[PDB]
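Participant: My structure is stored as protein-v4.cif, with mmCIF, C-alpha atoms and all ligand atoms.
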data_data
#
loop_
_atom_site.group_PDB
_atom_site.id
_atom_site.type_symbol
_atom_site.label_atom_id
_atom_site.label_comp_id
_atom_site.auth_asym_id
_atom_site.auth_seq_id
_atom_site.Cartn_x
_atom_site.Cartn_y
_atom_site.Cartn_z
ATOM 1 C CA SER A 1 73.011 -93.720 108.342
ATOM 2 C CA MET A 2 72.908 -93.355 112.143
ATOM 3 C CA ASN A 3 75.231 -91.248 114.262
ATOM 4 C CA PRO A 4 78.092 -92.867 116.197
ATOM 5 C CA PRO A 5 79.039 -91.965 119.736
ATOM 6 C CA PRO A 6 81.028 -88.710 119.628
ATOM 7 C CA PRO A 7 84.805 -88.661 120.136
ATOM 8 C CA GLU A 8 86.077 -88.960 123.704
ATOM 9 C CA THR A 9 86.470 -85.685 125.669
ATOM 10 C CA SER A 10 87.076 -87.251 129.101
ATOM 11 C CA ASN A 11 89.323 -90.168 130.086
ATOM 12 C CA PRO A 12 90.497 -89.974 133.700
ATOM 13 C CA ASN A 13 93.262 -92.566 133.359
ATOM 14 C CA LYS A 14 94.789 -90.741 130.357
ATOM 15 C CA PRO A 15 97.611 -88.573 131.822
ATOM 16 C CA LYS A 16 97.254 -84.851 131.161
ATOM 17 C CA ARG A 17 99.204 -81.607 131.033
ATOM 18 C CA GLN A 18 98.519 -77.919 130.734
ATOM 19 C CA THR A 19 101.529 -76.585 128.781
ATOM 20 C CA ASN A 20 102.075 -73.104 127.362
ATOM 21 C CA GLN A 21 101.635 -74.579 123.876
ATOM 22 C CA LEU A 22 98.300 -76.151 124.817
ATOM 23 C CA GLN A 23 97.228 -72.860 126.366
ATOM 24 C CA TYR A 24 98.067 -71.146 123.064
ATOM 25 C CA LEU A 25 96.069 -73.756 121.186
ATOM 26 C CA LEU A 26 93.026 -72.770 123.253
ATOM 27 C CA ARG A 27 93.482 -69.017 123.676
ATOM 28 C CA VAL A 28 94.764 -68.297 120.169
ATOM 29 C CA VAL A 29 94.109 -71.175 117.783
ATOM 30 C CA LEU A 30 90.724 -72.499 118.792
ATOM 31 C CA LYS A 31 89.349 -69.082 119.726
ATOM 32 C CA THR A 32 90.417 -67.633 116.348
ATOM 33 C CA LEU A 33 88.787 -70.397 114.355
ATOM 34 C CA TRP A 34 85.689 -70.651 116.579
ATOM 35 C CA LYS A 35 84.676 -67.020 116.074
ATOM 36 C CA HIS A 36 85.143 -67.088 112.300
ATOM 37 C CA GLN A 37 82.108 -66.655 110.041
ATOM 38 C CA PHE A 38 82.683 -70.155 108.625
ATOM 39 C CA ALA A 39 83.082 -71.943 111.972
ATOM 40 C CA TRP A 40 79.478 -73.045 112.418
ATOM 41 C CA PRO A 41 79.530 -76.387 110.511
ATOM 42 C CA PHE A 42 82.591 -77.389 112.511
ATOM 43 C CA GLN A 43 81.435 -76.403 116.013
ATOM 44 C CA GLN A 44 79.944 -79.845 116.818
ATOM 45 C CA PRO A 45 80.116 -83.410 115.470
ATOM 46 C CA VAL A 46 78.499 -84.008 112.113
ATOM 47 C CA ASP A 47 74.887 -85.005 112.663
ATOM 48 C CA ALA A 48 74.523 -87.310 109.680
ATOM 49 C CA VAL A 49 70.829 -87.856 110.357
ATOM 50 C CA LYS A 50 69.826 -84.200 110.449
ATOM 51 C CA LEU A 51 72.104 -83.346 107.496
ATOM 52 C CA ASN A 52 70.979 -86.385 105.464
ATOM 53 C CA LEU A 53 74.501 -87.679 105.001
ATOM 54 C CA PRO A 54 73.852 -91.401 105.455
ATOM 55 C CA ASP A 55 77.303 -92.391 104.138
ATOM 56 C CA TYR A 56 79.291 -89.862 106.226
ATOM 57 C CA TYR A 57 80.394 -92.308 108.938
ATOM 58 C CA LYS A 58 80.902 -95.063 106.394
ATOM 59 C CA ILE A 59 83.663 -92.878 104.899
ATOM 60 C CA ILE A 60 84.885 -90.913 107.906
ATOM 61 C CA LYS A 61 86.244 -93.286 110.562
ATOM 62 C CA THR A 62 88.148 -90.686 112.580
ATOM 63 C CA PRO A 63 85.571 -87.919 113.014
ATOM 64 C CA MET A 64 86.693 -84.687 114.603
ATOM 65 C CA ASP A 65 85.188 -81.247 115.130
ATOM 66 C CA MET A 66 85.949 -78.045 117.007
ATOM 67 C CA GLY A 67 83.281 -78.684 119.626
ATOM 68 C CA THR A 68 85.217 -81.799 120.609
ATOM 69 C CA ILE A 69 88.541 -79.933 120.425
ATOM 70 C CA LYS A 70 87.148 -77.096 122.563
ATOM 71 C CA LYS A 71 86.000 -79.564 125.223
ATOM 72 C CA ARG A 72 89.297 -81.417 125.080
ATOM 73 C CA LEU A 73 91.221 -78.185 125.601
ATOM 74 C CA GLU A 74 88.932 -76.830 128.327
ATOM 75 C CA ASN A 75 89.005 -80.185 130.116
ATOM 76 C CA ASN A 76 92.811 -80.624 129.748
ATOM 77 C CA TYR A 77 92.413 -83.883 127.804
ATOM 78 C CA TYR A 78 95.782 -83.661 126.018
ATOM 79 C CA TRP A 79 99.310 -84.502 126.998
ATOM 80 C CA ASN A 80 100.918 -82.443 124.230
ATOM 81 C CA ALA A 81 100.281 -79.868 121.534
ATOM 82 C CA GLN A 82 100.828 -82.364 118.731
ATOM 83 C CA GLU A 83 97.775 -84.359 119.825
ATOM 84 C CA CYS A 84 95.610 -81.249 119.480
ATOM 85 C CA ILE A 85 97.206 -80.151 116.212
ATOM 86 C CA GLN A 86 96.442 -83.616 114.884
ATOM 87 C CA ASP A 87 92.771 -83.189 115.843
ATOM 88 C CA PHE A 88 92.540 -79.982 113.813
ATOM 89 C CA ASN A 89 94.244 -81.623 110.845
ATOM 90 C CA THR A 90 91.910 -84.617 111.087
ATOM 91 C CA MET A 91 88.945 -82.259 111.008
ATOM 92 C CA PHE A 92 90.125 -80.530 107.846
ATOM 93 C CA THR A 93 91.193 -83.767 106.133
ATOM 94 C CA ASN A 94 87.845 -85.407 106.840
ATOM 95 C CA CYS A 95 86.050 -82.537 105.140
ATOM 96 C CA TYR A 96 88.285 -82.812 102.084
ATOM 97 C CA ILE A 97 87.887 -86.613 101.910
ATOM 98 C CA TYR A 98 84.107 -86.606 102.196
ATOM 99 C CA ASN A 99 83.268 -83.675 99.938
ATOM 100 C CA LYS A 100 84.479 -82.585 96.515
ATOM 101 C CA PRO A 101 86.564 -79.594 95.290
ATOM 102 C CA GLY A 102 84.777 -76.277 95.232
ATOM 103 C CA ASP A 103 81.981 -77.350 97.592
ATOM 104 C CA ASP A 104 81.059 -74.582 99.984
ATOM 105 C CA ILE A 105 82.033 -76.673 102.958
ATOM 106 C CA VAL A 106 85.492 -77.240 101.457
ATOM 107 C CA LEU A 107 85.964 -73.502 100.929
ATOM 108 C CA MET A 108 84.954 -72.988 104.557
ATOM 109 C CA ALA A 109 87.460 -75.583 105.774
ATOM 110 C CA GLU A 110 90.158 -74.026 103.608
ATOM 111 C CA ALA A 111 89.564 -70.586 105.110
ATOM 112 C CA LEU A 112 89.775 -71.992 108.656
ATOM 113 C CA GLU A 113 92.834 -74.044 107.750
ATOM 114 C CA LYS A 114 94.622 -70.974 106.410
ATOM 115 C CA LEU A 115 94.183 -69.260 109.774
ATOM 116 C CA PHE A 116 95.177 -72.442 111.597
ATOM 117 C CA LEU A 117 98.394 -72.619 109.572
ATOM 118 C CA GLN A 118 99.213 -68.996 110.333
ATOM 119 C CA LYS A 119 98.712 -69.525 114.046
ATOM 120 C CA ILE A 120 100.685 -72.808 114.128
ATOM 121 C CA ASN A 121 103.564 -71.016 112.427
ATOM 122 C CA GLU A 122 103.600 -68.760 115.521
ATOM 123 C CA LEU A 123 103.396 -71.628 118.037
ATOM 124 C CA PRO A 124 105.527 -70.584 121.041
ATOM 125 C CA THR A 125 108.498 -72.616 122.105
ATOM 126 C CA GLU A 126 107.673 -74.855 125.033
ATOM 127 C CA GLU A 127 108.585 -73.292 128.382
HETATM 128 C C1 LIG B 1 80.953 -80.328 108.330
HETATM 129 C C2 LIG B 1 80.747 -81.102 107.070
HETATM 130 N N1 LIG B 1 81.632 -81.898 106.553
HETATM 131 N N2 LIG B 1 81.126 -82.444 105.383
HETATM 132 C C3 LIG B 1 79.956 -81.914 105.222
HETATM 133 S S1 LIG B 1 78.756 -82.003 104.015
HETATM 134 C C4 LIG B 1 77.827 -80.889 105.008
HETATM 135 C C5 LIG B 1 78.451 -80.434 106.120
HETATM 136 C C6 LIG B 1 77.884 -79.497 107.115
HETATM 137 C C7 LIG B 1 77.346 -78.300 106.662
HETATM 138 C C8 LIG B 1 76.688 -77.447 107.521
HETATM 139 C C9 LIG B 1 76.511 -77.793 108.828
HETATM 140 C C10 LIG B 1 76.979 -78.990 109.280
HETATM 141 C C11 LIG B 1 77.682 -79.839 108.438
HETATM 142 N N3 LIG B 1 79.652 -81.067 106.287
HETATM 143 K K K B 2 87.032 -85.833 98.196
#
How does the structure come out when it is put into structure tokens?
Facilitator:
Amino acid sequence: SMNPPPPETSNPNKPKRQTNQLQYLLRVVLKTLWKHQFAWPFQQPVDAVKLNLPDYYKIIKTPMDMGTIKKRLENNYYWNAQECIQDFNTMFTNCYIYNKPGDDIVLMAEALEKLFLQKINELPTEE
């Protein structure tokens, strides 16, 4: 029922890059999803106490959210685009695992995921 530590957004010994694909993931992908009318539940880790979701972190062992992704991108946490793409996919998958079809939160995730998929389709070739 309590909250875990959030995911890592800083790890100095993890090697880093700032690639054109990672820049696109910040400037295009994250910014598009972040501004969306359905972004708000996803802009920070799930607070299972405040939301009265005592089983959330029993079920979800790889939590992820756009607040974490935003910090990771702004703090150049990643080596490659795939790591960041995986974080977005983890976020959506967690929502689908925890909840049930037709829930509002699932519809919200689906709308964000649609936009994510459109933007990933247009991922630039690495320079
Ligand atoms: C995110 C999320 N993933 N599963 C659930 S059930 C309730 C929520 C939610 C709704 C509004 C604000 C914050 C979280 N979430
Ligand atoms: K489910």
Participant: Applying 6 Å and all atoms listed in the file, which residues near segment 38-52 of chain A remain after dropping the ones on its own chain fewer than 6 positions away? List them as number ranges by chain.
Facilitator: A: 65-67, 108
Participant: Within 9 Å of ligand K 2 (chain B), counting only C-alpha atoms and all ligand atoms, which protein or nucleic acid residues do you find, written as a list in words?
Facilitator: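 Listing the residues within 9 Å of ligand K 2 (chain B) gives residues 94, 95, 96, 97, 98, 99, 100 and 101 of chain A.
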Participant: Name the residues, using the chain letters and numbers of the file, that sit within 12 Å of (101.3, -74.3, 131.4) when counting only C-alpha atoms, and give them as a list in words.
Facilitator: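 Output of the proximity query reads residues 16, 17, 18, 19, 20, 21, 22, 23, 24, 25, 26, 76, 79, 80, 81, 124, 125, 126 and 127 of chain A.
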Participant: Counting all atoms listed in the file, which residue out of A:30, A:37, A:57, A:103 sits closest to residue 3 of chain A?
Facilitator: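 That would be A:57, the residue with the smallest distance to residue 3 of chain A.
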Participant: For segment 83-89 of chain A, find every residue with an atom within 7 Å (counting all atoms listed in the file), except residues of its own chain fewer than 4 positions away, and show them as a ChimeraX atom specification.
Facilitator: /A:64,78,93
Participant: Between A:33, A:56, A:27, A:118, which has the minimum distance to residue 2 of chain A (counting all atoms listed in the file)?
Facilitator: A:56
Participant: Got a sec to resolve the PyMOL selection byres (((chain A and resi 7-12) around 7) and not hetatm) on this structure and send the residues as a ChimeraX atom specification?
Facilitator: /A:5-6,13-14,68,71-72,77
Participant: Since we have the selection now, will you write its residues out, keeping C-alpha atoms, as a PDB file, in the coordinates of the input?
Facilitator:
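Done, and the output landed in selection_18.pdb:
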ATOM      1  CA  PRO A   5      79.039 -91.965 119.736  1.00  0.00           C
ATOM      2  CA  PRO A   6      81.028 -88.710 119.628  1.00  0.00           C
ATOM      3  CA  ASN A  13      93.262 -92.566 133.359  1.00  0.00           C
ATOM      4  CA  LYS A  14      94.789 -90.741 130.357  1.00  0.00           C
ATOM      5  CA  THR A  68      85.217 -81.799 120.609  1.00  0.00           C
ATOM      6  CA  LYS A  71      86.000 -79.564 125.223  1.00  0.00           C
ATOM      7  CA  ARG A  72      89.297 -81.417 125.080  1.00  0.00           C
ATOM      8  CA  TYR A  77      92.413 -83.883 127.804  1.00  0.00           C
TER       9      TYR A  77
END
Participant: What does the structure give for the distance between atom CA of residue 82 of chain A and atom CA of residue 114 of chain A, in Å to one decimal?
Facilitator: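 Rounded to one decimal, the two atoms are 17.9 Å apart.
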Participant: Atom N3 of ligand LIG 1 (chain B) to atom CA of residue 112 of chain A: how many Å, to one decimal?
Facilitator: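 According to the coordinates, atom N3 of ligand LIG 1 (chain B) and atom CA of residue 112 of chain A are separated by 13.8 Å.
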Participant: Please measure the separation of atom CA of residue 74 of chain A and atom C1 of ligand LIG 1 (chain B), giving the value in Å to one decimal.
Facilitator: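 Between atom CA of residue 74 of chain A and atom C1 of ligand LIG 1 (chain B) the gap is 21.8 Å.
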